[PDB]
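Next up: a single chain in structure tokens, the form deposited in one PDB entry.
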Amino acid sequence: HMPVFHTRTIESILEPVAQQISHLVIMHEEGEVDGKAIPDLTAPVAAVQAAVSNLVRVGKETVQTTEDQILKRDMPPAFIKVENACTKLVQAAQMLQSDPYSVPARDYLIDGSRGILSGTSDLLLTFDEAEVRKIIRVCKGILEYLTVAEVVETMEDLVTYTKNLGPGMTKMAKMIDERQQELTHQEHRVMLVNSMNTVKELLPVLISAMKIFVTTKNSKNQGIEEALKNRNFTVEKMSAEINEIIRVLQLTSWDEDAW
């Protein structure tokens, strides 16, 4: 029933509130505590309404500013969730201001607080899925560009190829590095990291195979097909490493049912 926090960022933001809810429940099992009046919660609830309203606007701005259709589809249901839970909190504060000892008002308080927790988790998760999709798009870009190696036959096209690829790789590596730090499972971290390391080591090897090929074509020594094949093998081993990374990232997410 209680939501699962998948990344370290999400855990840091939500875990403490989840703990606070449990503390309140446990506190209420003690005889000295249950029976006591819940103080006036009008103002503290007004603060929550204000923060919910801010979160919904920021989310709506995030929905109207993105190309991510999956995001545009998933966020709204989460807005409905937190708003509904917020409504319960507002109701409970009303009930508790006339009857500070209501047991059903206290239940509304806990249910509203739990609902906000899970609605916020869902929202943070959706936003996290989308960030991961951005990383996957970059990897997929690099994967596509790796096949451009097949149309490179001149030394000039090679220099262009190298100019364009190097920075794409550097950017992929940074994103993977950032991502590995969000993960809660070491299994995935080392997979991602070792794969990225292998692709980085293969780059100069690919660029060298492409050069040998161009040179051979020019100089004409007859060994052109060996050169092509070797270049293709390199592209092939790099492409498999990247596909592995894409797959681990997809495994590291897709998490919620939504989309």
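Heads up, when I say rigid core I mean the largest set of C-alphas that superpose within 1.5 Å between the two forms. One-based numbering along the sequence shown.
The same protein also has a form deposited in another entry, omitted here; what follows describes it.
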### Task
Might you check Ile136, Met169, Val90, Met175 and identify the only one whose CA position changes by 2 Å or more between the shown form and the other one on rigid-core superposition?
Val90
### Message
How about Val48 - superposed on the rigid core, does its CA move between the shown form and the other one by 2 Å or more?
### Response
yes
### Query
With both forms fit on the core, has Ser22 moved 2 Å or more by CA between the shown form and the other one?
yes
### Query
Honestly, after the rigid core fit, is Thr66 moving at least 2 Å at Cα between the shown form and the other one?
yes
